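A.B. asks: This is the structure, below, for whatever I ask next.
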Amino acid sequence: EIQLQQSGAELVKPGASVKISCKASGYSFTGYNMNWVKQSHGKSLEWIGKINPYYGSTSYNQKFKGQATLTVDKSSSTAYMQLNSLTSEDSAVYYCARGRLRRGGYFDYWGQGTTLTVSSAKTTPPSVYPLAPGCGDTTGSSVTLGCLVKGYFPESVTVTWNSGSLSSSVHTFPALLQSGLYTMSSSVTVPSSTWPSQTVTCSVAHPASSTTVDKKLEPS
Amino acid sequence: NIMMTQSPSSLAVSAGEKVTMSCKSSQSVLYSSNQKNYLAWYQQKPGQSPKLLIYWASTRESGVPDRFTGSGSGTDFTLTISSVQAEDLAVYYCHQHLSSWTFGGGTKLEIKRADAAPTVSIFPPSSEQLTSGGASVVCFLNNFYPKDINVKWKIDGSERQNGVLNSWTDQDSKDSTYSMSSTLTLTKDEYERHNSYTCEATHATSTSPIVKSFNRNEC
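Listed in order, the protein sequences are those of chains B and A.
Note that PDB author numbering gives residue 63 to position 63 of the first sequence, counting from 1, and the numbers run on in steps of one.
Note that PDB author numbering gives residue 134 to position 134 of the second sequence, counting from 1, and the numbers run on in steps of one.
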């Protein structure tokens, strides 16, 4: 099965450069063009450029020609996109995508995307608050718990619920940006027969700030 | 160059309805020498990368369900879903690769379903946050339809919509519902000078809300 594995989210400052990678597997790396595509939040897809891995030959969208450099390493079957002189308008999700040269060049397999944030805002760890029902509350056959993850930057963050051997329903609420800081929340629902008896923990990883916090939900 | 125009920008239909979306190119994408149309269609689901559905205008990519059909030639193309399923919510993009590579602006497909009331849960500020001088009051409204629900906060029986942060999930790919979080941001002082806190959820359609309340003075 073909996989295009891209590097993790990056935060860089205006004027700086970034280099995003795309490691190919499951097909002949040298046989197919590698393309790069920008998607701004709002969602128009724009082609940036392509590289022919065998020759190292490249072709660019003139809108990106001057700031983008495409390269490959055919010892690791990895394609690279370096973007220089970055600005906030470059904040977007970037994809690599395999092209089908001998069928005219449509894109057939895409990487998972890499989120780029261009900003002078500072990397900041989250505060994590467990959300348990109040003492005045009651619950039916199910109970809902939550985790509020507040005041972090940049956006890359993972909230993981561990409910042990319980089956659960999770909702993850998209982050909102305020004052250069993100806030998000997540809910988990388990049977009322099982909490607080069984441990339910919210695990928050924010790689940028080297933060990993785990908060056990406790009855109020 | 070659510009791609898609219509409609968005549409909502119930599962089981047929949908036709269009893609127009500003120049022909029919390659003279092989008489193939260099036109592809992609599906991009929430949180995911685009996936190839159709290439050469009408050829279904391996693995793609038969309900997706691409048609057209020259400048005029359509993608049809014969019978929409819940999992088909996505943005659909057309793409040409005859002269450079360009994309359409996308058609966002949403699913209609029967109205569903939210399961509502309210959470007092934790003592952890309170000791730190903040007070966020959180309310979850889970698994409801339609999207445009009203959430109102009442403090001591009177409304405040000042300082409310609302975040909706993307539509659920299995049951077609939405969920949302509503957070009421207060200073500790603001929080401590009132007692009853209520989150109310109402469909725009009716006047029968679902309410969840707590009292600060209790526990």
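Just so it is clear, CB atoms sit at the ideal spot from N, CA and C, and this is done for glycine as well.
Please list, in chain order, the residues of the stretch 203 to 218 of chain A that have any C-beta partner in chain B closer than 7 Å.
C.D. replies: 214, 215 and 218
A.B. asks: In the DSSP assignment, find the unbroken alpha helix (DSSP H) run with residue 131/A in it and report its ends.
C.D. replies: 127 to 131
A.B. asks: Which residues of the stretch 103 to 119 of chain B have a Cβ closer than 8 Å to any Cβ of chain A? Give them in chain order.
C.D. replies: 103, 104, 105, 106, 107, 108, 109, 110, 111, 112 and 113
A.B. asks: Are residue 140/B and residue 192/B closer than 8 Å when you measure CB to CB?
C.D. replies: yes
A.B. asks: Output yes or no for whether 8 Å exceeds the beta carbon distance between residue 18/B and residue 83/B.
C.D. replies: Yes; because the gap between Cβ atoms is below 8 Å, this pair is in contact.
A.B. asks: Which two residues bound the contiguous alpha helix (DSSP H) that contains residue 192/A?
C.D. replies: 188 to 192
A.B. asks: Only counting runs of 3 or more residues, tell me where the beta strand (DSSP E) segments fall wholly within the stretch 15 to 82 of chain B, in order along the chain.
C.D. replies: 18 to 25, 33 to 39, 45 to 52, 57 to 60 and 68 to 73
A.B. asks: Assuming residue 24/B and residue 77/B are in contact, meaning their beta carbons sit under 8 Å apart, how far apart are those beta carbons, in whole angstroms?
C.D. replies: 5 Å
A.B. asks: By a C-beta neighbour count over all protein chains shown, 10 Å radius and 16 as the cutoff for buried, is residue 55/B buried or exposed?
C.D. replies: exposed
A.B. asks: Any beta-carbon of chain A closer than 8 Å to the one on residue 95/B?
C.D. replies: Yes, residue 95/B counts as interfacial toward chain A.
A.B. asks: Using C-beta distances below 6 Å, list every residue in its chain close to residue 3/A, excluding the 5 sequence neighbours before and after it, in chain order.
C.D. replies: 26
A.B. asks: Per DSSP, residue 54/A forms a beta bridge with which residues?
C.D. replies: 41/A and 60/A
A.B. asks: Given that residue 183/A touches chain B, what residues does it touch there, using C-beta distances under 8 Å?
C.D. replies: 148, 183 and 185
A.B. asks: Residues of chain B with CB closer than 8 Å to the CB of residue 124/A, please, in chain order.
C.D. replies: 134 and 220
A.B. asks: Tell me which same chain residues have a C-beta within less than 8 Å of the C-beta of residue 63/B, skipping the five on either side of it?
C.D. replies: 46
A.B. asks: Is it right to say residue 2/B is buried, meaning 16 or more other beta carbons lie within 10 angstroms of its own, or is it exposed?
C.D. replies: By the neighbour-count definition (other C-beta atoms within 10 Å, threshold 16), residue 2/B is an exposed residue.
A.B. asks: If you drop the 5 nearest sequence neighbours on each side, which residues of the same chain put their C-beta closer than 6 Å to that of residue 30/B?
C.D. replies: 53 and 54
A.B. asks: Assign residue 88/A to one of two classes, buried (16 or more other C-beta atoms within 10 Å of its C-beta) or exposed (fewer than that).
C.D. replies: buried
A.B. asks: Using the Cα positions of residue 126/A and residue 43/A, report the straight-line distance between them to the nearest angstrom.
C.D. replies: 42 Å
A.B. asks: Based on Cα-Cα distance, which residue from 208/A, 36/A and 22/A lies nearest to residue 28/A?
C.D. replies: 36/A
A.B. asks: In chain order, what residues of the same chain lie with their CB nearer than 7 Å to the CB of residue 195/A, ignoring the 5 residues before and after it?
C.D. replies: 156, 215, 216 and 217
A.B. asks: In angstroms, rounded to a whole number, what distance separates the CA positions of residue 137/A and residue 147/A?
C.D. replies: 22 Å
A.B. asks: Could you compute how far the alpha carbon of residue 94/B sits from the alpha carbon of residue 21/B?
C.D. replies: 10 Å
A.B. asks: Could you name the residues of the stretch 74 to 93 of chain A whose beta carbon sits closer than 8 Å to any beta carbon of chain B, in the order they occur along the chain?
C.D. replies: 91 and 93
A.B. asks: Would you mind working out which of 26/B, 204/B, 34/B and 179/B sits nearest residue 106/B, comparing C-alpha positions?
C.D. replies: Its Cα nearest to that of residue 106/B, the residue 34/B stands out among 26/B, 204/B, 34/B and 179/B.
A.B. asks: If you count every other CB in all the chains shown that lies within 10 Å of the CB of residue 144/B, and 16 or more means buried, which is it?
C.D. replies: Sixteen is the threshold: when 16 or more other Cβ atoms of the shown chains lie within 10 Å of the Cβ of residue 144/B, as they do, the residue is buried.
A.B. asks: Residues of chain A with a CB under 8 Å from the CB of residue 177/B: which are they?
C.D. replies: Near residue 177/B there are no residues of chain A at all, since even the closest Cβ is about 11 Å away, more than 8 Å.
A.B. asks: Could you give the distance in angstroms between the alpha-carbon of residue 147/B and the alpha-carbon of residue 133/A?
C.D. replies: 18 Å
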